[PDB]
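An overview of the molecular structure
Residues per chain, in single letters:
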Amino acid sequence: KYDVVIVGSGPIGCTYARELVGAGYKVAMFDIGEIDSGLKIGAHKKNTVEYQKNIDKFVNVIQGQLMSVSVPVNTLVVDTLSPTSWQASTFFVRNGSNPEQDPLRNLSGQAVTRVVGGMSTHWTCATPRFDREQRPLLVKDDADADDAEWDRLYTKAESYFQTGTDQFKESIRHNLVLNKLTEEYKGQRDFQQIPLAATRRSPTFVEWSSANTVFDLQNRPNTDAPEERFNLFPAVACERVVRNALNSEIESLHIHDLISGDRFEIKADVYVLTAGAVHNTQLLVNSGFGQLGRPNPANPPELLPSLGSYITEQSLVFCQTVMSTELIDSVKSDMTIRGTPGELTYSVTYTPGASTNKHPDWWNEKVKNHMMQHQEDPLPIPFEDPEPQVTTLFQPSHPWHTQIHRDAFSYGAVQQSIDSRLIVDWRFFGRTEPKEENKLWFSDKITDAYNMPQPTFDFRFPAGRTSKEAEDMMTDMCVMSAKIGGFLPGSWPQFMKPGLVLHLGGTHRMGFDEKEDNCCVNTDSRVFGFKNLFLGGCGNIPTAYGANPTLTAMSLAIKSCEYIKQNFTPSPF
Amino acid sequence: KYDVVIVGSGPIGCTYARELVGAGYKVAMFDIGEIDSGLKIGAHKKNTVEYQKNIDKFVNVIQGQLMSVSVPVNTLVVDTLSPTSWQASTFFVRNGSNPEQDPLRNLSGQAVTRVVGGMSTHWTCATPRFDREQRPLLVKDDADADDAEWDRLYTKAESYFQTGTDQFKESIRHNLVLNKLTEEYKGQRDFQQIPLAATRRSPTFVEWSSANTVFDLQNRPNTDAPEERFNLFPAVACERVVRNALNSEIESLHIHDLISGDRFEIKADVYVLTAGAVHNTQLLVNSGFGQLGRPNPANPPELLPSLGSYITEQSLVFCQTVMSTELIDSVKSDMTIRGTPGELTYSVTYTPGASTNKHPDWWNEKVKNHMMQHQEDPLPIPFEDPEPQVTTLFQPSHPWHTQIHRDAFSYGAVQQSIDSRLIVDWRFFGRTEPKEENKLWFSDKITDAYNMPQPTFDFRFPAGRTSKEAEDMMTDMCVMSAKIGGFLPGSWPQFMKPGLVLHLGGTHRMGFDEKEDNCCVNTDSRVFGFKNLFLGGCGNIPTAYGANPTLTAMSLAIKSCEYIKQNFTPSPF
Amino acid sequence: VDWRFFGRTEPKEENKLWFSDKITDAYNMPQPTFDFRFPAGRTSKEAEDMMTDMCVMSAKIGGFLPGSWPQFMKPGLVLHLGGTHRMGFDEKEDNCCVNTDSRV
Amino acid sequence: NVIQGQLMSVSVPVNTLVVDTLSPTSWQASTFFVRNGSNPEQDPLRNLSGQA
Ligand SMILES: *Cc1cc2c(cc1C)nc1c(=O)[nH]c(=O)nc-1n2C[C@H](O)[C@H](O)[C@H](O)COP(=O)(O)OP(=O)(O)OC[C@H]1O[C@@H](n2cnc3c(N)ncnc32)[C@H](O)[C@@H]1O
Ligand SMILES: *Cc1cc2c(cc1C)nc1c(=O)[nH]c(=O)nc-1n2C[C@H](O)[C@H](O)[C@H](O)COP(=O)(O)OP(=O)(O)OC[C@H]1O[C@@H](n2cnc3c(N)ncnc32)[C@H](O)[C@@H]1O
């Protein structure tokens with residue numbers, strides 16, 4: 001018996017834990033995944049010296065914990081086999097494919113992570129706020145009151161994640177890119193550093209935030225928190241919540257310990273589901289919400305008929321660029337260079353503090369010393385200079401999120417020929433209109449690897465504004481990126497596979513009125529009709545958004561926990 | 001001050017810890033890497049439910065912790081850049097390349113892992129013994145005595161790693177492949193299961209051994225070992241051992257804590273280096289053994305002139321096959337099949353226990369039930385049937401090691417069209433003659449990512465028998481694999497990049513006499529001349545070997561620890 | 001639909017086609033060798049403006065075909081090499097090889 | 001195919017790509033020598049590589 005049980009140990013489940021453990025509730029948390037980020041439980045995997053030394057190897061870490069949600073049956077012909085090799089006469093269901101999945105209505109890049117800390121053990125840590133256009137309402141008919149509520153929630157979410165905009169302020173590359181863009185879009189768009197959930201520890205080490213930053217996941221009471229109560233139970237599959245008859249309360253949570261094989265029911269006052277946008281939906285379906293099997297509006301579900309409908313995923317366009325000659329030469333614009341590099345006469349000098357210099361002294365010292373000490377190196381940028389982290393945030397005249405940066409990436413052998421200091425990544429994210437016909441549903445015949453109902457998508461990007469804006473966004477990336485450099489071969493402007501972005505929203509969406517707003521939870525993230533059932537995560541977000549959603553989802557989790565504190569009493573310790 | 005200090009927390013360093021902590025020595029162990037395998041410190045990363053469900057994702061784990069030792073300067077031309085993009089006029093030293101490295105004398109696949117548990121957190125766990133031809137001598141001029149010593153050491157090493165040959169005995173695929181090969185090579189070669197360091201826990205879960213199996217790496221004393229003494233210090237770079245003047249003793253170990261930045265000297269009675277074949281050599285060079293800079297026999301080193309010479313790496317050939325029609329049909333040879341699958345009349349039956357059946361009842365029940373219950377599936381092999389794990393061990397008439405199995409592999413989209421149950425991997429490993437001219441040396445100008453002397457190879461596969469045998473081995477794989485099926489397109493028989501095998505040996509090689517056997521350590525793994533310095537690992541192996549070397553290296557570590565117990569007294573507790 | 005946009009290249013003295021005095025081609029004639037880079041300044045800026053223009057214009061018709069994303073082609077693949085024996089009015093003042101009758 | 005079959009490259013630089021998955025029995029040079037019709041006068045970084 002617990003006061004509060006939380007399904008899922010990602011950053012949203014950890015927000016509930018931080019708030020509710022700190023308030024004195026006796027809290028249990030279950031995760032189907034295991035502890036495997038080191039002794040700091042749920043911490044960011046990128047915070048080892050070895051990954052900080054070799055960022056690009058990190059793409060392997062990410063890929064190794066992303067499992068595809070729904071893979072269609074493969075129909076590719078292989079006809080260069082030996083005649084002795086056994087072959088079927090049809091393209092049969094094999095290799096883990098979902099036979100319910102129409103390949104032409106899929107989110108083929110959608111994937112899930114089952115580990116303690118969830119996806120926050122590998123995420124990019126970008127934590128922008130949503131502007132009004134992207135953001136669900138918390139106060140109706142009073143925009144100033146609505147803004148005030150969001151500001152308070154986002155401010156607390158930013159403190160939990162240690163969001164900052166200063167960790168890259170003395171990078172030459174960052175400031176090179178940022179300066180050019182600020183100048184090019186003067187009077188039209190504003191640029192800043194991407195808000196990142198991270199703390200710089202040294203000039204070459206950044207401690208990336210994670211679920212662990214929000215809540216350390218250590219069992220309590222302990223010497224450090226002797227009056228708190230928390231237990232974490234990894235390798236436990238939460239299967240089903242038991243509804244009462246009137247669908248007004250949850251009575252227990254059915255769990256399956258994957259190590260012992262034992263199956264139990266756990267009792268709690270408050271049940272919080274934070275298993276992610278796919279797996280929250282799965283657990284609800286398995287508990288008798290919505291409908292199992294292929295959707296059939298002939299007869300909509302009685303319980304939460306909007307569950308799994310109005311799903312949204314962002315469009316994502318990508319390229320990389322190789323920095324222009326104009327910009328590289330500008331790095332060293334304040335220098336007087338004489339002689340020929342490597343020969344007796346070579347020198348590089350500048351006049352500190354001169355009013356006509358284009359750069360600050362900190363920049364010019366770094367450049368000068370790099371050029372003088374490394375004459376074998378033809379670039380003016382220090383070897384260990386951090387990467388750009390630049391954005392122009394979503395606005396009505398440019399309704400997409402932008403990241404102009406470097407993230408872990410697997411470079412091919414041709415691309416490895418280009419010096420890394422030249423390369424900048426461009427990721428532009430579009431907003432997707434929520435449409436009733438875009439669904440996540442669960443098979444009544446096929447099961448997934450954990451023997452739960454197999455998720456299946458029926459998705460297409462909506463016609464109309466979403467689609468038009470996706471193309472305007474592609475064009476905008478092409479236009480903007482040209483100010484910095486030309487494209488890197490092999491990383492020409494392209495759309496990525498749908499869902500590869502991992503910002504799936506709207507699967508258990510929020511609104512004011514269940515019927516009128518076609519939604520599953522109210523603004524306290526409480527499931528309609530249920531006194532003690534709360535859902536957290538991006539699945540709650542009912543709007544068309546382009547920015548990265550986790551901070552927003554954390555903010556809605558905070559509000560949800562304020563409701564729980566107003567309505568449920570902790571047990572005596 | 002410690003009785004014993006161990007540099008490196010892989011399985012060889014853990015062998016020293018297990019032996020010496022258990023004998024009552026006060027032991028410290030340092031690893032440059034971090035704890036990141038979960039709460040069981042140094043455990044196998046593949047032992048999560050999630051990897052057991054999705055083996056192929058594990059290749060990402062491996063790749064994410066393999067860092068290339070020496071990468072030459074890239075000279076590939078990219079000429080489809082935009083004219084605005086900055087480009088150098090030469091192929092300059094960039095992107096981490098080693099300018100000392102001749103691309104045509106490299107081991108381009110050689111890589112290192114810096115993590116607590118070392119490479120044993122991702123290894124394949126194959127632990128064969130070496131036969132006399134491959135194995136260094138421990139007793140001169142008495143082959144029976146020599147065999148007896150190796151048998152005792154291997155038996156203890158097998159118990160430490162939990163080596164077994166029974167974990168795949170009821171797999172249909174394993175027995176299908178094994179049976180065919182046993183029959184095809186009757187009277188010529190013997191086949192068995194690959195000896196694997198692993199314990200089966202259920203029909204779908206195998207607990208793969210690791211450094212943690214050998215020693216749990218927990219600090220001691222603790223409730224469970226209240227009279228033992230052990231401390232593990234991760235994120236500590238060991239830089240140098242301090243020699244006395246006479247080169248008869250080590251006086252201290254210089255360390256650098258990578259988190260605090262502090263640099264200390266640690267005192268011990270016994271110093272053991274188990275940092276791997278590359279990094280042991282690096283640490284010795286940094287400590288004044290051998291020679292820094294490009295080798296120059298004009299003046300050989302005074303101290304350990306054979307260090308870093310006579311290096312050996314195995315040749316490795318690879319393919320995959322798609323199982324033959326003959327073999328797939330043989331699975332169901334005992335069945336009477338009537339009707340058409342999916343139709344009312346379909347049935348599959350057999351006669352249990354009949355003397356004319358080709359398979360045991362356990363096999364036929366599995367097949368029959370699979371065929372009847374899954375009529376949409378055209379194959380007779382159960383979905384969760386384990387993979388083959390088959391070998392014919394090195395012999396003078398086939399002087400290569402063989403693994404005929406499945407390991408984690410990244411399948412392309414065409415290859416994903418072939419049902420996984422059809423696919424078998426073939427890895428054949430050749431032996432490489434030790435030659436003086438094959439060297440690992442360390443730059444006196446360029447440093448690696450941890451600011452230690454940059455490793456550089458001067459390697460080519462020797463002419464003569466090694467090379468001839470590499471081709472005979474390629475032919476043998478082609479011949480043998482054809483008995484099982486034809487090649488899988490994209491996985492046609494091929495040599496892999498040199499060093500990708502990761503069985504680098506001979507860098508600090510063992511023998512009886514330093515001069516006459518051109519070696520660095522004696523048969524107690526004691527560095528010649530030094531009373532208290534021991535090296536462990538594959539670097540000790542002085543022979544041409546084809547089998548996987550870790551069990552052999554563990555065996556030599558055991559012998560080394562028996563010497564330490566005979567010669568050094570533990571401190572009072 | 002295919003989109004091919006072709007830019008103009010400023011003639012620069014330093015961009016040369018020359019012929020080896022040591023190496024011969026397949027017909028045993030002096031081997032052609034280039035010393036070429038796209039000029040700095042307007043040519044190069046316009047090449048990027050042109051890339052942008054193709055991206056903008058093409059979006060009015062449809063999205064890109066995977067595998068045929070906007071890209072520069074290898075230099076010279078266009079086969080519109082000019083200026084190797086160039087025309088002008090005055091040999092010296094116009095740095096040229098033939099007059100307006102194409103007479104050397 | 002018709003086009004490609006009658007376009008002959010004007011000036012091809014010396015190839016320096018490393019192939020290191022050959023068999024140990026196969027003959028290999030220790031340098032990237034002038035071969036396969038390459039023009040040793042041609043700096044790969046000042047070429048018109050598509051000219052034909
Ligand atoms: C993968 C990734 C994600 C990502 C990112 C880059 C990549 C490569 N970049 C981001 C960024 O720059 N900014 C941002 O806002 N988000 C970014 N993301 C996405 C972000 O990681 C996710 O939005 C976030 O982690 C979602 O948090 P939430 O806590 O809701 O969910 P989760 O992390 O997926 O964790 C859920 C857990 O629940 C478990 N689980 C699942 N099913 C069950 C059942 N049945 N029973 C018990 N536990 C369950 C999982 O194992 C998991 O840990
Ligand atoms: C990677 C791998 C290896 C492998 C394998 C498959 C792959 C993909 N398959 C194997 C198999 O089937 N059978 C077998 O016998 N071996 C197989 N291997 C190789 C095996 O993992 C290695 O032979 C073995 O792990 C070697 O053990 P050893 O203990 O000698 O070395 P290590 O595991 O590399 O660990 C050494 C550690 O030392 C640290 N270190 C390095 N430098 C320093 C310094 N300067 N200071 C402090 N510590 C240092 C490392 O961080 C490391 O953990």
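Residues numbered from 1 in each chain as written, not as in the entry; some residues may be left out. Chains lettered and ligands numbered in written order. Part of a larger assembly, values for the part shown. Heavy atoms only, no water.

1. A look at the overall build of chain A
Scanning chain A from terminus to terminus reveals eleven helices and 25 strands. A compact globule built from 573 residues should have a C-alpha radius of gyration of about 25 Å, and chain A, at 26 Å, falls within 12% of that. Dimensions of chain A, computed from C-alpha atoms along their principal axes, come out at roughly 90 × 70 × 50 Å. Taken over 573 residues, chain A has a buried fraction of 60%. Taking as baseline every contact in chain A between residues at least 6 positions apart, the subset at least 24 positions apart corresponds to 73%. With an accessible surface of roughly 22400 Å², chain A has 49% of that area assigned to carbon and sulfur atoms. Averaging the positions of the 54 positive and the 69 negative side-chain charges in chain A gives two centres separated by 1 Å. (Helix = DSSP H or I, 4+ residues; strand = E, 2+ residues; numbered from the N terminus. Rg over C-alpha atoms; globule rule 2.2 N^0.38 Å. Buried < 20%, exposed > 50% of the residue type's maximum accessible area, 1.4 Å probe, protein only. Contact = heavy atoms within 4.5 Å. Areas by Shrake-Rupley, 256 points an atom, 1.4 Å probe, with all protein chains shown as cover. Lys, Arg positive; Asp, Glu negative; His and termini not counted. Charge placed at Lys NZ, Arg CZ, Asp CG, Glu CD.)

2. Quick look at the relation of the copies chain A and chain B
Take chain A, turn it by 180°, move it 0.0 Å along the axis, and it overlays chain B with an RMSD of 0.0 Å. Look at the turn and shift together and you get a two-fold axis relating the two. Of every C-alpha in chain A, the one belonging to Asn-60 of chain A sits nearest the axis of rotation, 2.4 Å from it. A share of 100% of the interface residues of chain A reappears at the interface of chain B, consistent with the copies meeting face to face through the same patch. (Least-squares fit on C-alpha atoms.)

3. Observations regarding the packing of aromatic side chains
All chains considered together, the criterion is met by 34 aromatic pairs over all chains. An angle of 80° between the planes, with centres 5.3 Å apart, marks the rings of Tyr-51 of chain B and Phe-58 of chain B as edge-to-face. One exposure class covers both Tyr-51 of chain B and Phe-58 of chain B, and it is buried. Between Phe-36 of chain C and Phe-38 of chain C, the aromatic rings sit 5.1 Å apart at their centres with planes inclined by 90°, giving edge-to-face as the arrangement. Sitting over the face of the ring of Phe-168 of chain A, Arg-200 of chain A holds its NZ or CZ atom 5.2 Å from the ring centroid. For the cation-ring pair, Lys-46 of chain B lies above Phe-58 of chain B, with the distance from its terminal atom to the ring centre recorded as 5.6 Å. (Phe/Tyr/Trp six-rings, centres within 6.5 Å; stacked < 30°, edge-to-face > 60°. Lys NZ or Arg CZ within 6 Å of the ring centre and 35° of its normal.)

4. With respect to the interface of chain A and chain B
Reports of interface size often rely on the accessible area that becomes lost once the parts have come together. Counting residues at the interface gives 63 residues for chain A and 63 residues for chain B. In this assembly, chain A packs against chain B so that about 5300 Å² is buried in total across both faces, 57% of it on carbon and sulfur atoms. Across the salt bridge formed by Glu-50 of chain A and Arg-114 of chain B, the nearest N and O atoms sit 3.3 Å from each other. Scanning the region where chain A abuts chain B turns up 38 residue pairs in polar contact. At four residues, helix α2 (residues 49–53) of chain A tops the list of elements feeding residues into the side of chain A that touches chain B. In terms of residue class, the side of chain A that touches chain B is built from 29 nonpolar, 23 polar and eleven charged. (Buried area = accessible area lost by both parts, 1.4 Å probe. Salt bridge = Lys/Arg side-chain N within 4 Å of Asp/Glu carboxyl O. Polar contact = N/O pair within 3.5 Å; in protein donor to acceptor, adjacent residues only side chain to side chain. Nonpolar A, V, L, I, M, F, W, Y, C, P; charged D, E, K, R; others polar.)

5. Describing the sheet that holds strand β11 (residues 236–243) of chain A
Residues and elements named next belong to chain A. Reading across from one edge, β11-β12-β13 is the order of the three strands in this open sheet, with antiparallel pairing throughout. The sheet is open, and its two edges are formed by β11 and β13 (263–266), each paired on a single side. Here the strands of the sheet are splayed against their neighbours by 25° on average, with no regard to which way each runs. Alignment of strand β12 (residues 250–257) against β13, held across four bridges, turns out to be antiparallel. Paired with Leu-253 across the strands is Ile-266, a residue of β13. (Pairing = 2+ DSSP bridges. Axes fitted to C-alpha atoms, helices over the stretch in contact; angles between N-to-C directions.)

6. Overview of the domain arrangement of chain A
Residue and element names in this part refer to chain A. Entries for chain A in the domain assignment read domain 1 (1–323 + 386–573) and domain 2 (324–385). Computed over C-alpha atoms only, the centres of domain 1 and domain 2 are separated by 43 Å. Taken together, the contacts link 19 residues of domain 1 with 19 residues of domain 2. Counting the surface lost from both domain 1 and domain 2, the interface buries some 1500 Å², and carbon and sulfur atoms represent 66% of this. (Domains from an automatic or database assignment.)

7. Here we look at the site of ligand 2
All names here are of chain B. Looking at ligand 2, there are 33 residues lining it, with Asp-31, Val-115, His-122, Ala-126 and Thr-550 nearest. In this structure, an oxygen atom belonging to ligand 2 sits 3.1 Å away from a main-chain N or O atom of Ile-12. A distance of 2.8 Å is found between a nitrogen atom of ligand 2 and a backbone nitrogen or oxygen belonging to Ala-126. In isolation ligand 2 exposes 1000 Å². Once the protein is present, 93% of that is buried. Breaking the shell around ligand 2 down by element, the ones donating at least two residues are α1 (11–22) and β11 (236–243). (Near = heavy atom within 4 Å.)

8. Examining the UniProt feature "binding site: FAD" (unreviewed entry) in chain A
Residue and element names in this part refer to chain A. Following the UniProt record, one finds the feature "binding site: FAD" (unreviewed entry) at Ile-12, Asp-31, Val-115, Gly-118, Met-119, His-122, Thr-124, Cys-125, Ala-126, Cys-238 and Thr-550. What stands out for the annotated residues spanning 539 residues is how far apart their C-alpha atoms range, the widest pair being 29.5 Å apart. Topologically, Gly-118 is positioned in the loop between β4 (111–112) and α4 (143–161). With sequence-adjacent residues up to four places away left out, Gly-118 is seen in contact with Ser-9, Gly-10, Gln-65 and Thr-113. (UniProt positions renumbered as here; feature names shortened; annotations may be inferred.)

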